[PDB]
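First up is the structure itself, then whatever we jot down about it.
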Amino acid sequence: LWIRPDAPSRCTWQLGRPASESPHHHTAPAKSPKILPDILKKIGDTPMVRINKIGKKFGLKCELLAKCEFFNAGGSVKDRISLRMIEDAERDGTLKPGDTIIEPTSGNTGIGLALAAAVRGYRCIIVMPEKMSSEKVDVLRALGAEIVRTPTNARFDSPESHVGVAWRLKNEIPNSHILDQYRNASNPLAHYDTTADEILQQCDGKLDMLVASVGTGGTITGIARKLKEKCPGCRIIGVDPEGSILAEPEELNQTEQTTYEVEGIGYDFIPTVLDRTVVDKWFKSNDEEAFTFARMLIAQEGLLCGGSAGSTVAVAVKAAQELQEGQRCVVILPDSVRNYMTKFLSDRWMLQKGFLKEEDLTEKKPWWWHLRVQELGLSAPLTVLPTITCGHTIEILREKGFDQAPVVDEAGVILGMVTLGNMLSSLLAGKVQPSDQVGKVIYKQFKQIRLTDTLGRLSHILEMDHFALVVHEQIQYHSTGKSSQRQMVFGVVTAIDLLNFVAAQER
Amino acid sequence: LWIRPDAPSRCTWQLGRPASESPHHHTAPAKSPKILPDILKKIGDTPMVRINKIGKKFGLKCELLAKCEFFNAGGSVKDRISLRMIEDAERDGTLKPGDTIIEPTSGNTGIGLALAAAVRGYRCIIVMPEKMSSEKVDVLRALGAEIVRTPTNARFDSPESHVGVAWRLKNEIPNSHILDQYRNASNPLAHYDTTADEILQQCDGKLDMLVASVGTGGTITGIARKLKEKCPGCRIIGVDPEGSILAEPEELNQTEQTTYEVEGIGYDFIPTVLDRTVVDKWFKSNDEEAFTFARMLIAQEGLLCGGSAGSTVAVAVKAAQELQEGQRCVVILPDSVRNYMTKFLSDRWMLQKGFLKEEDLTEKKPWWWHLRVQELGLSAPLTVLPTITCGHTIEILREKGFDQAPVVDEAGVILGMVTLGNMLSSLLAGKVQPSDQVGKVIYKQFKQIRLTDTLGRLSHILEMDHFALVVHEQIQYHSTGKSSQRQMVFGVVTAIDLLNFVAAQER
Amino acid sequence: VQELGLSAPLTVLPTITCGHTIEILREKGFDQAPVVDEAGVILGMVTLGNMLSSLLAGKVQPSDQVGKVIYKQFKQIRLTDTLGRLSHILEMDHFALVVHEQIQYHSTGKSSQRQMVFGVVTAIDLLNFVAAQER
Ligand code: HEM
Ligand code: HEM
């Protein structure tokens, strides 16, 4: 009953055959009106961005271009797929309003279909492998679509795979569909009708190479067929993650790990729409190579593009090494960074998975990075209690000659810090009166830092909080049966003082 | 030495004066090139989207339109400001490459300037109040810009306010520019030259109303002056958060809360660029309405927009009640949802800050939501130890009619669960052999659930993990202190079984 | 002087028994700890090596309090003072107890004073610091 997704294609398209032989409907990429009837019309005509620093740094003689396909409605290149598939299904009459649309997804197809459903009222059921970020869940719950997860390492044909659950669901609930992104011909057709046309029109149809990731089979086949039909000289590369079976010939697939940390590319089967014959050479790329290039993309060109583009530019800085002056390289950037905010963008996760190493983290930092905070000029001869009046504090601080002081309880529990200037501004503004206690103007946000920690830790703490209260704590022993813990503020540091210290040491 | 940001405007503009009197260069928009020379050219000509369900539900007789200004490069409506200010500064010659650009910001001018700096090489320092989400800190770090935080509740005039820290830095770091978004005339001028032109051209200049947030002063003044000059009949409204001072007349500001949870609107002063007299009427909006309307925007129109796009439509569903058929309402949606993923999009945070009550989150749920999980048909008659061979397991399970079994160690620790269907596929694929132990096929991830928790908790657990292992644990006492713990797998439930139960009970 | 490896994570009260001290300092990996009264007034220092020798000599017993072996004399030094001042202090006294004192205000006149031991430095540590920094 169930239909495999890896079955060989029945398609009969072959290079050189005129489009008049196409059994499939072709949609005109007509320009959208001046007022989009709804968000779904903001899918198409994404910009073609020239990329400067990466191409120059790694010795690319040819102009390197990137097709930014992360400014679609949902933020991905799986938003042409949802629109095209829904349009075609409704046109052919296979679907009616109010139906339930099940769709196994590698990620962004889930978001695209959820958005289209929420706009047109369909009840959507998305099935995702368990490895996908939670940021692709929080953006689905808000859309209201149901979400079902499947085990990460289940082989596609087994019942627990992320297509086995989808097909079983389609049988339990009546009046439900599976648009089947793996097999539907509308998947690559969307690209063959819009993605290829836009590239050809923008680049004047004179591009001597292309790159593109894989994992659906659409972004590569749908573009390759048109490019070879109208731009025969284009060398159409591929990509794949080390651990997938899509890449050919078999020699490049000889690695064993069954899971990889790039979300959206590679698979353990050949999708039916994947027209491999159009590829001209397959590379591979591995997690760290992808993340350490996504970070540098963001940092050096402002292209806010996510993980699956790191691999796609990594492969470019190799495959195009043989190009010469006057030729153009075109790449595809599948998705926006919004789906990886807790992933590789987070230093913590990058170091935890070791795609960076600490020496890489420090080599790029100025000289003073390793100096211990103990070396700064910091002190706090005075302290204040929370019960004092603001009128009393304004005189105490000035008569002592200090502009700020910590606020501590009777025993040592730090509560916050108070500053003269803010207190005076509050008094003048009338928000508090001199008789009023300081409890209404005390700064309650701060973070402790201990003397040993390097200035690097201080600089990574000031990114969250203005005040870094240097403190020291002691355990006191009575008889091993009674003990107490105590701490005392030992001066505070702030970005102002840190930069002043760096300047003074430099000067 | 330091210059206040709230000083009265020195501008002499007044309705009806010819444009030839403008002392400021106007950057007339021109058709964008087919290949953007870099990302900074994807700033302008964002779509205009009619909004269907919100307008109809709340009795808006008029066409309600939205200007989606969250498809700019940085994902915000503060990306025209960053581009325009940098370009004008360079044109004036006040700036040279390699300089340090310090800018106090509410969070989105920060990202815009960080992008427009990392593209051109400037060393950017961004000062930002502590209240802004960490999801902007993460996106700033990747861009490599220095970041400095300031206390949340510091009065603007105090030295510890974000403007104060910005000016103190500028006064000490050599070769440093402070573009001062609050005072620069380019801030509103950018909108007056581009934002107004696009709205006028798209909407045919026949809009009888407008809405817009405030907090910078630019989005409203810049659009308002042009709309009044060329579309005199537009009824221009403002907005503001309860707790801010920008709103007029003063009678509306009589509230005492000094902090509000919307990021980027309102302030404790009147920015100089804010040309208030162009407003025709003001309102206020409070946190809960804004967040609820942001959620009900996302869930019902696919317009992915963040917190400040909630207030800007909650205000519309009131101010436009007086409109009639045939007239157009235009709103401004500042930012993209990428900056709030941990915030209101997260049910956890929403409930924690109580902007939703549990009954609100439970009313719309189907009937079975309150049933207890023990209501389901669930059992686990047998178990297997990890040391068993796959050959043994495939014969144990098939003979009894069962197809899956938990994996339990000798003591009782749950290790994982194995499915017969996946084991057979693994054997056929050659990844394992019958002599091999199950350690290579055991699913590693699952989540526990106890018999008392409702099916709602189960449905919120299945959004993260395929398997929900219904377990049970008992504490056992030998004699008082010599306690011990034990746990057993009672039954396993999956989305398939939950949906099947719902269907069977319904039928 | 703040450039040294000065530290003092723990402290003891004068009434503690010597057995408790010999066990605490060893189980915590340290060998010396300041003796601080309840109010925070520094009283002296106690060292594991001397206490163990005293136990073996019979001058004290494990149940005995540390009051009979506490070192009585020292001299305070504040973190701002140069190593020259520390060297001219160590010519008179073995222990230089680095401390910090704070005035705490309830309301102007109703003031109070507090202090704590931030670290202890001795000629051994000073010379070792010089040697390591040079090398
Ligand atoms: C000369 C033009 C074309 C010819 C002769 C052609 C022929 C066909 C035919 C007869 C089928 C139905 C096969 C079946 O139902 O068993 C088919 C399906 C399909 N075609 Fe085409 N078609 C053309 C255009 C295109 C184009 C432009 C694309 C993509 C760029 C495409 C991709 C596909 C795909 C993916 C399928 C479905 C394969 C499957 O479901 O296994 N076709 N084609
Ligand atoms: C008839 C057209 C205009 C006239 C007569 C005019 C006149 C002036 C003058 C003389 C100044 C300098 C004031 C000073 O340096 O103290 C100024 C600044 C300024 N103008 Fe215009 N200008 C025009 C166009 C515009 C437009 C189109 C905008 C916004 C849409 C604008 C907003 C501003 C702002 C924000 C300032 C800065 C005020 C300050 O920094 O204190 N002006 N204008």
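Chain identifiers are assigned as A, B, and so on, following the order in which chains appear in the structure tokens; residues are numbered from 1 within each chain, and ligands are numbered from 1 in order of appearance.
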
Handout entry: chain C contacts to chain A at 7 Å (only C-alpha atoms) as JSON, numbers by chain
Key = {"C": [2, 3, 9, 10, 11, 12, 13, 16, 17, 20, 101, 102, 103, 104, 105, 106, 107, 108]}

Exercise for the section: Taking the DSSP assignment computed from this structure's backbone, write out as a ChimeraX atom specification all residues of segment 62-303 of chain A that belong to alpha helix (DSSP H). Expected result: /A:79-91,108-120,135-143,164-172,186-190,196-202,218-230,287-301

Export of the given selection (C-alpha atoms) as a tab-separated table (two decimals), in the first residue's frame:
chain	number	residue	atom	x	y	z
A	79	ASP	CA	8.67	28.60	-0.04
A	80	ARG	CA	8.49	28.29	-3.79
A	81	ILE	CA	7.80	24.59	-3.21
A	82	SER	CA	4.83	25.13	-0.90
A	83	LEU	CA	3.20	27.76	-3.10
A	84	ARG	CA	3.71	25.79	-6.30
A	85	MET	CA	2.51	22.49	-4.84
A	86	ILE	CA	-0.64	23.99	-3.32
A	87	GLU	CA	-1.41	25.89	-6.53
A	88	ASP	CA	-1.00	22.77	-8.66
A	89	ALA	CA	-2.99	20.55	-6.29
A	90	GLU	CA	-5.91	22.99	-6.24
A	91	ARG	CA	-5.72	23.48	-10.01
A	108	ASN	CA	11.80	24.74	5.74
A	109	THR	CA	9.22	22.93	3.62
A	110	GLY	CA	7.37	22.52	6.90
A	111	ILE	CA	7.39	26.26	7.55
A	112	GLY	CA	6.38	27.09	4.00
A	113	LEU	CA	3.44	24.71	3.98
A	114	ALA	CA	2.38	25.78	7.47
A	115	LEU	CA	2.33	29.40	6.30
A	116	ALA	CA	0.34	28.60	3.16
A	117	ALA	CA	-2.12	26.53	5.20
A	118	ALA	CA	-2.61	29.20	7.86
A	119	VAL	CA	-3.23	31.74	5.10
A	120	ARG	CA	-5.73	29.53	3.25
A	135	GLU	CA	13.53	27.43	16.50
A	136	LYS	CA	11.74	25.67	13.66
A	137	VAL	CA	9.24	24.45	16.25
A	138	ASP	CA	8.54	27.73	18.04
A	139	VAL	CA	7.82	29.28	14.64
A	140	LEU	CA	5.44	26.42	13.85
A	141	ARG	CA	3.45	26.41	17.09
A	142	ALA	CA	2.67	30.09	16.59
A	143	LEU	CA	1.38	29.19	13.13
A	164	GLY	CA	6.52	6.19	7.42
A	165	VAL	CA	4.77	8.27	10.06
A	166	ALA	CA	3.42	10.67	7.43
A	167	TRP	CA	1.94	7.92	5.27
A	168	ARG	CA	0.39	6.16	8.26
A	169	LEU	CA	-1.20	9.42	9.40
A	170	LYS	CA	-2.62	10.02	5.93
A	171	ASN	CA	-4.47	6.70	6.29
A	172	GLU	CA	-5.83	7.20	9.82
A	186	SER	CA	5.69	20.33	-8.91
A	187	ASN	CA	8.69	20.42	-6.56
A	188	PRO	CA	11.43	20.84	-9.22
A	189	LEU	CA	8.95	22.48	-11.60
A	190	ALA	CA	8.68	25.51	-9.32
A	196	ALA	CA	15.92	29.38	-13.41
A	197	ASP	CA	14.10	32.20	-15.21
A	198	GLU	CA	15.13	34.79	-12.61
A	199	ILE	CA	18.78	33.73	-12.69
A	200	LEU	CA	18.83	33.71	-16.48
A	201	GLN	CA	17.26	37.17	-16.69
A	202	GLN	CA	19.42	38.79	-14.00
A	218	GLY	CA	14.62	20.12	-6.49
A	219	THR	CA	16.90	23.13	-6.20
A	220	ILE	CA	19.50	21.38	-8.37
A	221	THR	CA	17.42	19.52	-10.98
A	222	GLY	CA	14.87	22.26	-11.58
A	223	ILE	CA	17.62	24.81	-12.18
A	224	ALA	CA	19.99	22.50	-14.05
A	225	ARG	CA	17.51	21.46	-16.71
A	226	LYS	CA	16.71	25.04	-17.68
A	227	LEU	CA	20.33	26.20	-17.44
A	228	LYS	CA	21.49	23.43	-19.78
A	229	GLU	CA	18.51	24.04	-22.07
A	230	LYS	CA	19.32	27.75	-22.50
A	287	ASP	CA	29.88	20.13	9.49
A	288	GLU	CA	32.79	22.28	10.63
A	289	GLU	CA	33.62	23.38	7.09
A	290	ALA	CA	30.04	24.62	6.78
A	291	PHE	CA	29.70	26.42	10.11
A	292	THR	CA	33.12	28.08	10.00
A	293	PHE	CA	32.15	29.51	6.61
A	294	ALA	CA	28.63	30.57	7.58
A	295	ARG	CA	30.08	32.57	10.45
A	296	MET	CA	32.60	34.24	8.15
A	297	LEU	CA	29.90	34.95	5.56
A	298	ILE	CA	27.86	36.78	8.18
A	299	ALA	CA	30.88	38.59	9.60
A	300	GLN	CA	32.43	39.71	6.31
A	301	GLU	CA	29.57	40.37	3.88

Problem - Nearby polymer residues, ligand 1, at most 10 Å, only C-alpha atoms and all ligand atoms, as a VMD selection string - result: chain A and resid 5 to 26 180 182 to 193 196 217 to 218 220 to 226 229 271 to 275

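Counting only C-alpha atoms, residue 206 of chain A has the following residues at most 9 Å away, ignoring those fewer than 3 positions along the same chain: residues 200, 203, 231, 233, 234, 327 and 328 of chain A.
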
Problem - Near-segment 81-94 of chain C list (9 Å; only C-alpha atoms; drop same-chain fewer than 5 positions) as a list in words - result: residues 1, 2, 73, 74, 75, 121, 122, 123 and 126 of chain C

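Minimum distance to residue 441 of chain B across A:66, A:427, A:278, A:154 (counting only C-alpha atoms) occurs at A:154.
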
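Checking B:364, B:155, B:357, B:457 one by one against chain A, counting only C-alpha atoms, you find the shortest gap at B:155.
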